[PDB]
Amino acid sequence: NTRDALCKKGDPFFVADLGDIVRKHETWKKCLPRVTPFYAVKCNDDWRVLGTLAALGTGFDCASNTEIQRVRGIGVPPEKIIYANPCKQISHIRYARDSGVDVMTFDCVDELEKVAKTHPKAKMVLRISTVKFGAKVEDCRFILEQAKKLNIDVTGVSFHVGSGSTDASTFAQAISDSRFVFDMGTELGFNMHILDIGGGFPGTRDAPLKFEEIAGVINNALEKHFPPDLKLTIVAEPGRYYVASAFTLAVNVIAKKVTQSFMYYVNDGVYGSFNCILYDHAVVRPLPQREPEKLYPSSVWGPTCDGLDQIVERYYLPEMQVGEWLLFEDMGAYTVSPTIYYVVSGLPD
């Protein structure tokens, strides 16, 4: 259990439950049997996390030359990597080539020009819109034609809705659109056999739109537009789905201020594990490592002199005391400063 790694043992530290990942996978292979997962390394590049996912037979979605170097470092073969970054730096595209990574994405003619000059025989996937990335459908015909003139081996379509979804229809529409563009590619003599549904899948039960109400809507549309076919290969770039809940952060209360409301200061914040409050819209919940009081409105703060380095605003907590620990669960996604300790629960040695 995690619930007692921590309870077994003042710098902040991470407790990572690898077993929670293995469970996330099983649930994936179940709710989306047709979709092969390519883990968005950017979400959490922890070594054990990558190795664990590797062993589970997963693929990796690298978006930079370093992520590729990292994945290739743990023995993962090039074939299992997708350089899913649309606009890539030439020296990088060059690194991918030299590393055996032949699948990359793109969303504009320009990228194709760079590819033609640097990685000609690269299997290219056309990412479509669902602001910064994704070619509009209307411009796809023109793009493909140009890829034709550039002798680019276009092997599929991809998209990404993101995690800010309230409604799963977005997945249905993006997939319908993918068929449309898929046909054009096939129409222009392009060998279209890959469908990338991206990421944005809930890593917690915390969020209203369940993973499973999503897999459902996806499988439906995936049946109405991409019926089974041995030539076809469907993948996704899940990031937070696999690691959000696997990480639990333990911070130590370093200073207090009373006034009846409290103000606690912990040794980690926005300039660290909590950069996710500013970068990823994260809303966290402080959780005492103490057994359950009169509760009072509180606020937690990072150890930094920056008045913006605030972790919690107004959360009811029991009166805490300097030196006592505070926990934050669901801190594995876009958070990794805290050493990392792993735990493998409910699993057959």
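Residues carry their position along the shown sequence, with the first being 1.
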Deposited-sequence gap flanked by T259 and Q260: 10 or more
Could you check the entry and say whether 115-123 or 233-241 has the higher mean CA B-factor? 115-123
Taking only the CA atoms, which stretch has the higher mean B-factor in the record, 191-199 or 161-169? 161-169
Select one of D153, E138, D110, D102: the residue whose C-alpha shows the highest B-factor in the crystal structure entry. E138
Which of these, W28, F38, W301, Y296, has its C-alpha atom at the highest B-factor, as the entry lists it? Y296
Of the three thirds of Cα B-factor ranks in this chain, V266 occupies the lowest
Using the B-factors in the PDB entry, rank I175's C-alpha atom against the chain and give the third, lowest, middle or highest. middle
Can you work out whether the C-alpha temperature factor of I340 puts it in the lowest, middle or highest third of the chain? highest
Once the chain's modelled residues are ordered by C-alpha B factor and cut into thirds, is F182 in the lowest, middle or highest one? middle
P227: C-alpha B-factor third of its chain, per the entry, is the middle
